[PDB]
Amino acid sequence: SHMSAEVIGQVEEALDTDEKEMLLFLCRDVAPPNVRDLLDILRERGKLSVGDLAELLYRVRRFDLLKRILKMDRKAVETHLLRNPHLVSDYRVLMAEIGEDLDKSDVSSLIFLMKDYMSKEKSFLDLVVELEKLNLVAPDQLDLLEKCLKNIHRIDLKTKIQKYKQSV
């Protein structure tokens, strides 16, 4: 019911490395070297109520931690998300979702296509940040990413981008 340092410590010790990286990526617009500092900074700025932390755990799909640490289930978090503004934008969720649907061979192919417009173990989220730093991808600038996803024959992921654009 209350946010505390104990809760932040529990969350940080339970997440694995991939989940920690995803969490840092998802919070790039609310901004940190690591997840504990990130959550502490969010708490200090009044952006880490129990509901905010539940949203973050929901976005990294750690429903076990939602239940065990925050005593909330899926429906409670979805209710909170419908009633309150979202800490993590739909663009960030979409980028992580595309990343989870790409295997390493797909990411290598995508990097080969995109290098002309801009290092072999980079995840998709790493590539997205480099593209954001270069003004090549943004919530309102998805045509290049969509074209490259189409050109590696991931029409399903192009369609996820199209449904996002229609949601806006």
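Residue numbers run from 1 along the displayed sequence.
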From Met118 on to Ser119, does the model leave out none, 1 to 3, 4 to 9, or 10 or more residues of the deposited sequence?
-> 4 to 9
Sequence continuity check, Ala31 and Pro32 (deposited residues unmodelled) = 4 to 9
Do the CA atoms of 81-89 or those of 94-102 have the higher mean B-factor in the entry?
-> 81-89
Quick one: say whether 51-59 or 124-132 has the higher mean Cα B-factor in the deposited entry.
-> 124-132
Can you tell me which third, lowest, middle or highest, the CA B-factor of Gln141 falls into for its chain?
-> highest
Looking at the C-alpha B-factor of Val168, is it in the lowest, middle or highest third of its chain?
-> highest
So where's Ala5 on the chain's Cα temperature factor ranking, which third?
-> middle
